[PDB]
Amino acid sequence: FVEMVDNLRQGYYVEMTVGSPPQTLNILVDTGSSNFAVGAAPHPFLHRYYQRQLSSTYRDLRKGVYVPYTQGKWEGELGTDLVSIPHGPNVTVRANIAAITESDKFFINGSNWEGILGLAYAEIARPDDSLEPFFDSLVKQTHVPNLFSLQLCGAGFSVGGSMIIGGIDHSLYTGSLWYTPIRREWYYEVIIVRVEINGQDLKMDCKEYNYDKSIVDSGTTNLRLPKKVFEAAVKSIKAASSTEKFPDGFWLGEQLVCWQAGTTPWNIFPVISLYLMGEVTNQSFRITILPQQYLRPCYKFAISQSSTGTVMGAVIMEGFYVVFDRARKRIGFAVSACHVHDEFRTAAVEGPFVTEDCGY
Ligand SMILES: N=C(N)NC(=O)Cn1c(-c2ccccc2)ccc1-c1ccc(NC(=O)c2cccc(Br)c2)cc1
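Next up, the structure:
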């Protein structure tokens, strides 16, 4: 069964091997992109990298990739090689690999990963949708079911977790698995039908929550909310946590806030419930997150403003077991075996609630 439990370890990475003989690398698990991209030239921040010349099973595709973004970029050439996940399914797959030769502001100092595993769909793959993403190759080439699960655990008092490919490990979650449909197969896009802060509805038009789009992204730390929703959220959090106040550099995710050891007044901060569209249009279900999740360890406010829609990143995925059921075009949520909570409140997955349009 699961040689896959605790296979995850500044982001969550899994161990993979590339080439022949196998070249061990640490690879970020990223549900918000679709390239399998690995460092393949020396970098100050890289202590190891993919060396194509050492791979007997490397094939050049004679094609480059260029990926600029607001801050830096990555460039490399495209090839294919044999790819395994030692603590995953016992298979080897020929997958596309973007060998990164030049980059800036891509690799992180001390992160411990040398590449990225894009688990989203072909539509958003570089340079275009013809470059089959890794998981697409995996399913087609092997008998692994078109599904994977993510249990991100965080710190608690270095991060750990499990990535279960081709199935659902029932020992990883508690209670009920609730599914929200994948709206479109590009990012893992979903629809948020309502949000409340401490049971208090933001009462905004449904479309504001998905203003542009809403995605589930393991490669983002924060819960990122569209401008209008962010401002409403922080106003509601500031009010609930009014008894003794913080600098506004804290609310913008710049400044940290410290108490000592265990005095931390968690119950001063409110819970956040995200209601996601159910499989029955009319039906919905909530995902409730504690301050233990949106205040990440001294703590930083891990909710930030977005200009590209809602991003449900790591801080909301932690404490939930998240199933990426590509086969049935849906994403399941269940309370995780590892969720961090106090003796008064718990992360929750509850439903149904009956509630639209909402899609932007
Ligand atoms: N939006 C995503 N989910 N993923 C990306 O944008 C992937 N990506 C790309 C990229 C852009 C387009 C296509 C293919 C790749 C460039 C730089 C990153 C890139 C690389 C690493 C990280 N994340 C982290 O380093 C990280 C740091 C702390 C916590 C966590 Br969780 C992640 C984010 C983006």
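Residue numbers (the entry's author numbering): 61 to 69, 74 to 221, 231 to 370, 381 to 438, 442 to 446.
Think of the CB as a built atom: it goes at the ideal place given N, C-alpha and C, for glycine as much as any other residue.
Compare the C-alpha of residue i against each of the options and name the closest.
i: residue 422; options: 399, 412, 342, 182; result: 399
i: residue 332; options: 131, 381, 418, 113; result: 381
i: residue 185; options: 409, 83, 84; result: 409
i: residue 359; options: 397, 265, 413, 330; result: 265
i: residue 98; options: 122, 68, 140, 187; result: 187
i: residue 76; options: 352, 208, 214, 318; result: 214
i: residue 123; options: 132, 141, 135; result: 141
i: residue 259; options: 148, 289, 335; result: 289
i: residue 295; options: 361, 192, 338, 367; result: 367
i: residue 170; options: 101, 196, 216, 246; result: 101
i: residue 115; options: 137, 145, 95; result: 145
i: residue 175; options: 349, 237, 92; result: 92
i: residue 177; options: 362, 406, 74; result: 74
i: residue 276; options: 438, 86, 80, 84; result: 438
Measuring from the CB of residue i, is there a heavy atom of ligand 3 at a distance below 7 Å?
i: residue 210; result: Inclusion of ligand 3 in the displayed structure is not the case, the ligand content consisting of ligand 1 alone.
Taking the straight line between their C-alpha atoms, what separation do you get for residue i and residue j?
i: residue 303; j: residue 242; result: 34 Å
i: residue 329; j: residue 387; result: 14 Å
i: residue 340; j: residue 364; result: 8 Å
i: residue 63; j: residue 240; result: 13 Å
i: residue 383; j: residue 326; result: 6 Å
i: residue 252; j: residue 425; result: 26 Å
i: residue 254; j: residue 198; result: 22 Å
i: residue 348; j: residue 431; result: 11 Å
i: residue 130; j: residue 211; result: 29 Å
i: residue 89; j: residue 391; result: 31 Å
i: residue 393; j: residue 120; result: 43 Å
i: residue 324; j: residue 307; result: 7 Å
May I ask which residues mark the beginning and end of the beta strand (DSSP E) holding residue i?
i: residue 202; result: From DSSP, residue 202 is part of no beta strand (DSSP E) but of the alpha helix (DSSP H) over 198-205.
i: residue 356; result: 356-362
Just curious, the alpha helix (DSSP H) that residue i is in, first and last residue?
i: residue 385; result: First-last for residue 385: undefined, no H or E at that position.
i: residue 397; result: 397-400
Minimum length 4: unbroken alpha helix (DSSP H) runs contained in the region 307-352: Runs of the alpha helix (DSSP H) inside the region 307-352: 321-324.
Inter-stretch contact (C-beta, 8 Å, three-pair minimum) for the region 299-314 and the region 271-284: The region 299-314 is in contact with the region 271-284.
Cβ contact (3+ pairs, closer than 8 Å) linking the region 166-180 and the region 147-154: At 8 Å Cβ cutoff, the stretches do not touch.
Contained beta strand (DSSP E) runs [length at least 3] in the region 125-161, N- to C-terminal order: Runs found: 136-148.
Cβ pair count under 8 Å reaching 3, the region 105-115 against the region 195-212: With the cut-off at 8 Å, the region 105-115 and the region 195-212 do not touch.
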